[PDB]
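Have a look at the structure below, then the notes.
Virtual Cβ from ideal backbone geometry, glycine too; neighbours counted across all protein chains shown. Each reported figure results from applying straightforward, stated rules to the coordinates on display, with no laboratory input.
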Amino acid sequence: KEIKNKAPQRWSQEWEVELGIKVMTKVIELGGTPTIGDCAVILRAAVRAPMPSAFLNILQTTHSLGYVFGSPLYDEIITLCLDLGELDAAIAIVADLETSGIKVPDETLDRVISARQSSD
């Protein structure tokens, strides 16, 4: 009775990436392994519309299955985090990237350190 006459909700890329990460979490819970391409696709959806908060969780989900992206993609996401003003987000990103053991570009870490020094 309630669903049929409810007004529809317009599309938004934020709701899109939310539904995407929820679908990914459910698929992982039910025993399914998403491909690396879908991970790159949700990363592209997250970088297209400003949403820095989702970066950490999506990259953690990617690293969970064992997938590792190239250095340019991490460079791009870190540069976007620095540009849009989410310094703590980029700090968490480089922290979990160092924890995972992947190698980030030197200029990216240098820019992160410079932004951290400027913020302090």
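From the list 77, 42, the lone residue that is touching a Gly at 6+ places or on another chain (Cβ under 8 Å), assigned to a helix (DSSP H, G or I) and of a type in the set (A, V, I, L, M, F, W, C) is 42.
Candidates are the residues of the range 10-39 that are charged (D, E, K, R) and in a helix (DSSP H, G or I); the one that is farthest from the chain's Cα centre (by Cα) is 29.
What are the residues in the range 110-120 that are exposed (fewer than 15 other Cβ atoms within 10 Å of the Cβ) and aliphatic (A, V, I, L, M), if any? Residue satisfying the conditions is 113 alone. Listed by first and then second residue, the pairs linking a residue in the range 1-20 that is closer than 17 Å to residue 38 by Cα to a residue that is of a type in the set (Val, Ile, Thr), with Cβ atoms under 6 Å apart and 6 or more places separating them unless they lie on different chains, are 20/42. Please work out if residue 4 is part of a loop (DSSP other than H, G, I, E, B) and loosely packed, with under 14 Cβ neighbours inside 10 Å. When the stated conditions are applied, residue 4 passes them. Could we say that residue 87 is touching a residue at least 12 places away in the same chain (Cβ under 8 Å) and more than 14 Å from the chain's Cα centre (by Cα) here? Considered against the rule, which asks whether it is touching a residue at least 12 places away in the same chain (Cβ under 8 Å) and more than 14 Å from the chain's Cα centre (by Cα), residue 87 comes out as yes. Restricting attention to the range 51-79, the residues that are within 15 Å of residue 113 (Cα to Cα) and within 11 Å of the chain's Cα centre (by Cα) add up to 1. Among the conditions (1) part of a loop (DSSP other than H, G, I, E, B); (2) surrounded by fewer than 16 Cβ atoms within 10 Å (Cβ to Cβ); (3) among the aliphatic types (A, V, I, L, M), the only one that residue 104 does not satisfy is (2).
Among the conditions (1) out of contact with any helix residue (DSSP H, G or I) (no Cβ under 7 Å at 6 or more places or on another chain); (2) surrounded by fewer than 16 Cβ atoms within 10 Å (Cβ to Cβ), residue 86 misses just one, which is (2).
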